[PDB]
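Engineer: Supplied in structure tokens, the structure appears directly below.
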Amino acid sequence: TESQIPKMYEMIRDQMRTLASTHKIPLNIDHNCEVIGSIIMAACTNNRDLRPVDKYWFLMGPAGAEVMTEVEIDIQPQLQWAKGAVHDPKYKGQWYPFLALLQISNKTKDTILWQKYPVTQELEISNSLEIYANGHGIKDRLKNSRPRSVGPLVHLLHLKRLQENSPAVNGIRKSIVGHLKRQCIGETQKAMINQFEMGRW
Amino acid sequence: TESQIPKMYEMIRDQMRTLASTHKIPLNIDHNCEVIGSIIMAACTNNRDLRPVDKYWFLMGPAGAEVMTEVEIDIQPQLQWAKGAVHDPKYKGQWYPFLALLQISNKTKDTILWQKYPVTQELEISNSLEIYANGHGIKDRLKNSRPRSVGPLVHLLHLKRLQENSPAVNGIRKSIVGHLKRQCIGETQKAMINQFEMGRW
Amino acid sequence: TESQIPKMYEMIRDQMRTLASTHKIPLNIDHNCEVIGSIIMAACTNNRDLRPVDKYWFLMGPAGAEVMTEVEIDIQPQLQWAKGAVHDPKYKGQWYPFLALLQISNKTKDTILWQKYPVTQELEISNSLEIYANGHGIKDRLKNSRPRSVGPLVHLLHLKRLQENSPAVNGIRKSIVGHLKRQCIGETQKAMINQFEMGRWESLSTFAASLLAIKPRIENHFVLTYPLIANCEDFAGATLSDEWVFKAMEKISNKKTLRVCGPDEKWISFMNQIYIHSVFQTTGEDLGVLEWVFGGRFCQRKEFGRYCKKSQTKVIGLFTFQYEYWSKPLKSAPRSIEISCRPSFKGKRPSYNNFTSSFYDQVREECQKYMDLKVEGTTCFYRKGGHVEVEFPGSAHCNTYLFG
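Chains as they are written, first to last, in the entry's author numbering: chain D, 20 to 184, 197 to 232; chain L, 20 to 184, 197 to 232; chain E, 20 to 184, 197 to 369, 376 to 394, 408 to 454.
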């Protein structure tokens, strides 16, 4: 689990600086790293979502003179490594399991700044339950990679999504339901989770 | 307009020979030139389409012994030079105007070899009009840089395409309509293009 | 916002009297001021609608001998100032924001006298809900200047007009839709106004039903009308969020120099309440509160027949007004929905518990949230003579309205 993490954080960090330093993007602004990293994270799993060349919001300026402007960047060198790292044996298959951790953690700041409750509202439940709705918006393969880190409500939402959406349908639900019970250690919670499986709410 | 033409031609040939002679690709074969040149124009405008290393069809053989094979080539030396010429002030902004002509003329032979009528069929008109559909498949930045060379039907297709699919759209729409109006000097043609901009065909 | 208000009211009145006094148009008749001000306000934004010289209905007569006729006026001296004030740096770009406030308030009298529902009918909803359709008929430049003051239904109508009218439409729509979401704080309504964005008007009748329950915020600013501006001789403390407006136009009522025009003298109380309605935007505000705030009963439109034609309206009496209370104009949501302890400490303290125990449904759920509300507004009212917070005693005319 943690065996690859020492070397695995290295080339993750290597790609962050290569993309920024290529187009004179300072790395001492949080907003530069936040936008750049999300692009790299898109390259890591959602290889078809990000654009190889595009303009994003960055802070351009030397020694405190940084201002908003869009500077075109080239993500193609990071794309080949990221897709090759999906099945790279050097991670012992921990690429997506760590990446599901990576995307969940890195998308937290936007949720805090823009207070939204997507999962709970779609689950017609209380708004204060987003504490249990971790792992929303992540890649579906990533959600399968680390479903334990994905909160029960997102799985419950995916359970509700699957009940409100082929031999592959059950496989998604059973992994969701099993991890739904695994996360919710409540014995009564597990049974009424199993009642959610048939579709009752 | 023609002031920067002499300097562009010399380095294009220099990069034309640099990529070919690096991997022993002779330049007395058109297919070697066309494919390498196709790789060359790939680095010129759509820098992300071509791979830094990739195998392409080439005629390898000394003194007339060329046979069909795929040979991997390294385009990174050519990639760096092309991107620096995009906004180099030495061209006085004529880089994109110069590159649009190159893309149209070289892809013309491919259209000659494989007789296709994409624009006219997509514009539900006679297939004998693809001559007026010159400049199809070119980069939109090139299509804005040299729109006069790009045929009206391509712009009419892009006018149709724009309607089929954003304040920057105006600069795409009004220009494309403008290129249609600038290219078509007919008094009746100019207004009857404008009704295409409205959406009736 | 309120920095240029003290100086903005001064030159509005400067052209108000010059046009009338040039042709000996008395300013003690409201109808003379109503038309002249409409001409002056026309030149402010819709510069090409009015004529440089034209005929309009006024009251010509010295000392109560006024009979209606059409008098030519030279608007050209008044035309130059209005266009130059558009981009004058002295207003700090607040001219359109001020003009949007000015244009909306000055068109109220015609709507009250001639009861029409242009927005709700075009929105195919209940006619009792034109209350949420403020800002109709204003110039699009002003509608983009103070869209917050323009009611959501007008924007929703503009949104409905927008879908029933070129991807440049989005630039207009983002203001239209964005200020729909800003005005309508309904969480279900916002995603359901989003349904109205591409044209899912199946909940449009539900939106009317929602509008009954959930009430969108309506930003307002205390701006006087044409007859009062010409009769107001003080603008030093002229702002938009204090009692200056309440105190300033009370002195005009104390002067008793302005006269109102109507079909017959029974309407003297009606227009005396119309001035109350127009100045503070209290057209849809509860009459019982209106009676309590201003110390006088408000006559509903049902109490009077059809307003006679502008040509045959006649002076029927003097303008009078009184008030005892006021408040800052609405800025945020009036109906704001904004009890359980969460023990965060591993230490021991006595736990306190303050509690003893379809998409249409969600809209109805949020609809019930506002019927179940018993407190509206943001902060409070205030009493005449200061900003001392005053709370309701209640009134009998509650649930009664001008058109209710």
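No residue lacks a Cβ here, since even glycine has one placed at the ideal position from N, Cα and C.
Please give the ranges of any alpha helix (DSSP H) in the region 61-146 of chain L, keeping only runs that are unbroken, at least 4 residues long and fully inside the region.
Structural biologist: You should have 95-103, 114-132, 137-141.
Engineer: At which residues does the alpha helix (DSSP H) containing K221/E begin and terminate?
Structural biologist: Sequence index remark: in the third sequence, residue 221/E carries index 190 (1-based). Residues 218-228.
Engineer: If we count Cβ pairs, one from each stretch, closer than 8 Å, do we get three or more for the region 133-145 of chain E versus the region 228-238 of chain E?
Structural biologist: A contact exists between the region 133-145 of chain E and the region 228-238 of chain E.
Engineer: When the Cβ atoms of the region 288-296 of chain E are set against those of the region 307-327 of chain E, are three or more pairs found closer than 8 Å?
Structural biologist: no
Engineer: List, in chain order, every chain L residue whose beta-carbon is nearer than 8 Å to that of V72/D.
Structural biologist: Counting from 1 along the first sequence, the entry for residue 72/D is found at position 53. Under the 8 Å cutoff, chain L gives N66, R67.
Engineer: What does the alpha-carbon distance come out to for the pair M421/E and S367/E?
Structural biologist: If you number the third sequence from 1, residue 421/E lands on position 371. If you number the third sequence from 1, residue 367/E lands on position 336. Their backbone Cα atoms lie some 12 Å apart in a straight line.
Engineer: Taking the straight line between their C-alpha atoms, what separation do you get for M79/L and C52/L?
Structural biologist: For this step, residue 79/L is matched to residue 60 along the second sequence. For this step, residue 52/L is matched to residue 33 along the second sequence. Approximately 12 Å between the Cα atoms of the pair.
Engineer: Taking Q95/D as the query, report the chain L residues whose CB atoms sit under 7 Å from its CB, ordered along the chain.
Structural biologist: Stepping through the first sequence from its first residue, residue 95/D is reached at position 76. Result: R67.
Engineer: Could you spell out the range, first to last residue, of the beta strand (DSSP E) harbouring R433/E?
Structural biologist: Your numbering for residue 433/E matches position 383 in the third sequence. Annotation: the continuous beta strand (DSSP E) that includes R433/E extends over 431-433.
Engineer: Measuring CB to CB, does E415/E end up less than 9 Å from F431/E?
Structural biologist: If you number the third sequence from 1, residue 415/E lands on position 365. If you number the third sequence from 1, residue 431/E lands on position 381. No, these two residues do not count as a Cβ contact at 9 Å.
Engineer: Taking only beta-carbon positions, decide if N163/E is within less than 9 Å of chain B.
Structural biologist: No chain B is present in this structure, whose protein chains are D, L and E.
Engineer: Would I376/E pass as a contact of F350/E if the rule is Cβ separation under 9 Å?
Structural biologist: Within the third sequence, numbered from 1, the residue matching residue 376/E stands at position 339. Within the third sequence, numbered from 1, the residue matching residue 350/E stands at position 319. Taking 9 Å as the Cβ cut-off, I376/E and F350/E do not qualify as a contacting pair.
Engineer: Kindly say whether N184/E, judged by its beta-carbon, lies nearer than 9 Å to any beta-carbon of chain L.
Structural biologist: Within the third sequence, the letter at position 165 stands for residue 184/E. Not one chain L Cβ lies under 9 Å of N184/E.
Engineer: Is the CB of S197/L under 9 Å away from at least one CB in chain E?
Structural biologist: As a working note, residue 197/L is residue 166 in the second sequence. It does; some Cβ of chain E falls within 9 Å.
Engineer: Cβ of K102/L less than 9 Å from any chain D Cβ?
Structural biologist: The count along the second sequence starts at 1 and reaches residue 102/L at position 83. At least one chain D Cβ lies under 9 Å of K102/L.
Engineer: Beta-carbon within less than 6 Å of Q312/E's beta-carbon, same chain only, minus the 5 sequence neighbours each way: which residues are those?
Structural biologist: On the third sequence, residue 312/E is found 281 positions in, with the first residue counted as 1. Once the five neighbours on either side are set aside, the close Cβ partners of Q312/E are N251.
Engineer: Where does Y356/E sit, in a helix, a strand or coil, going by DSSP?
Structural biologist: As a first step, residue 356/E is located in the third sequence; it is residue number 325 there, counting from the start. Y356/E falls in the strand class under three-state DSSP.
Engineer: Our contact map puts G170/L next to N153/L with C-beta atoms below 8 Å; I'd like the distance itself, whole angstroms only.
Structural biologist: For the purposes of this step, residue 170/L is taken as residue 151 along the second sequence, with counting starting at 1. For the purposes of this step, residue 153/L is taken as residue 134 along the second sequence, with counting starting at 1. With 8 Å as the limit, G170/L and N153/L qualify as a contact, their Cβ atoms being about 4 Å apart.
Engineer: Got a sec: which bits of the region 220-242 of chain E sit with their beta carbon under 9 Å from any beta carbon on chain L, in order along the chain?
Structural biologist: Per Cβ criterion, the list is empty.
Engineer: Any heavy atom of the ligand GTP closer than 8 Å to the Cβ of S57/D?
Structural biologist: Ligands displayed in this structure: none; no statement on the ligand GTP is therefore possible.
Engineer: Step through the CB atoms of chain L and report whether any lies within less than 9 Å of the CB of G209/E.
Structural biologist: Looking up residue 209/E in the third sequence gives position 178. So, not an interface residue.
Engineer: When the Cα atoms are used, what is the spatial distance from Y389/E to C378/E?
Structural biologist: Within the third sequence, the letter at position 352 stands for residue 389/E. Within the third sequence, the letter at position 341 stands for residue 378/E. Those two C-alpha atoms are separated by around 7 Å.
Engineer: Who are the Cβ neighbours of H42/L in its own chain at under 7 Å, not counting the five residues just before and after it?
Structural biologist: Indexing the second sequence from 1 puts residue 42/L at position 23. Setting aside the 5 residues that flank it on each side, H42/L is surrounded in the same chain by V90, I92, each with a C-beta closer than 7 Å to its C-beta; the list follows chain order.
Engineer: Could you give the distance in angstroms between the alpha-carbon of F266/E and the alpha-carbon of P380/E?
Structural biologist: Counting from 1 along the third sequence, the entry for residue 266/E is found at position 235. Counting from 1 along the third sequence, the entry for residue 380/E is found at position 343. If I take the Cα positions, the gap works out to 56 Å.
Engineer: For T127/L, which residues from the same chain have a beta carbon less than 7 Å from its beta carbon, with the 5 sequence-adjacent residues on both sides left out?
Structural biologist: For the purposes of this step, residue 127/L is taken as residue 108 along the second sequence, with counting starting at 1. Excluding sequence neighbours, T127/L sits near nothing in its chain.
Engineer: Going along the chain, which unbroken runs of the alpha helix (DSSP H) with 4 or more residues stay wholly within the region 294-341 of chain E?
Structural biologist: 299-310, 318-325
Engineer: Tell me which same chain residues have a C-beta within less than 8 Å of the C-beta of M60/L, skipping the five on either side of it?
Structural biologist: Residue mapping note: residue 60/L aligns to position 41 of the second sequence, counting from 1. Closer than 8 Å at Cβ, skipping near neighbours: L118, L121, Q122, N125.
Engineer: Can you list, in chain order, the residues of its chain whose CB lies under 7 Å from that of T139/L, leaving out five sequence neighbours each side?
Structural biologist: The sequence position of residue 139/L within the second sequence is 120, counting from 1. If we look at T139/L and ignore the five residues flanking it on each side, its Cβ neighbours are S145, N146, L148, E149, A152, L172.
Engineer: Using a C-beta to C-beta distance shorter than 7 Å, which residues of chain L count as neighbours of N201/E?
Structural biologist: If you number the third sequence from 1, residue 201/E lands on position 170. Residues of chain L passing the Cβ test: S197.
Engineer: Pop quiz: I94/E and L69/E are said to be a contact at Cβ under 8 Å. What is the actual Cβ separation, rounded to whole angstroms?
Structural biologist: Counting from one through the third sequence, the residue named residue 94/E turns up at place 75. Counting from one through the third sequence, the residue named residue 69/E turns up at place 50. 6 Å between Cβ atoms; contact.
Engineer: Which residue marks the beginning of the alpha helix (DSSP H) containing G209/D, and which one marks its end?
Structural biologist: Within the first sequence, numbered from 1, the residue matching residue 209/D stands at position 178. 199-214 is the extent of the alpha helix (DSSP H) around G209/D.
Engineer: Do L452/E and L318/E count as a contact pair if the criterion is CB distance below 9 Å?
Structural biologist: Indexing the third sequence from 1 puts residue 318/E at position 287. Indexing the third sequence from 1 puts residue 452/E at position 402. Yes, Cβ-Cβ distance for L318/E and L452/E is below 9 Å.
Engineer: Cα separation between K26/L and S197/E?
Structural biologist: Along the second sequence, read from residue 1 onward, the residue named residue 26/L stands at position 7. Along the third sequence, read from residue 1 onward, the residue named residue 197/E stands at position 166. Near 43 Å, if we compare the C-alpha coordinates of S197/E and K26/L.
Engineer: Please look up how many angstroms separate the CB atoms of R160/L and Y115/L, rounded, as I've assumed it's under 8 Å.
Structural biologist: Mapped onto the second sequence, residue 160/L falls at position 141. Mapped onto the second sequence, residue 115/L falls at position 96. Between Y115/L and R160/L the Cβ distance is about 6 Å, and since that is below 8 Å, they are a contact.
Engineer: In the structure shown, what three-state DSSP assignment does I347/E receive?
Structural biologist: On the third sequence, position 316 is the one that residue 347/E refers to. The answer is strand: DSSP assigns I347/E an E or B state.
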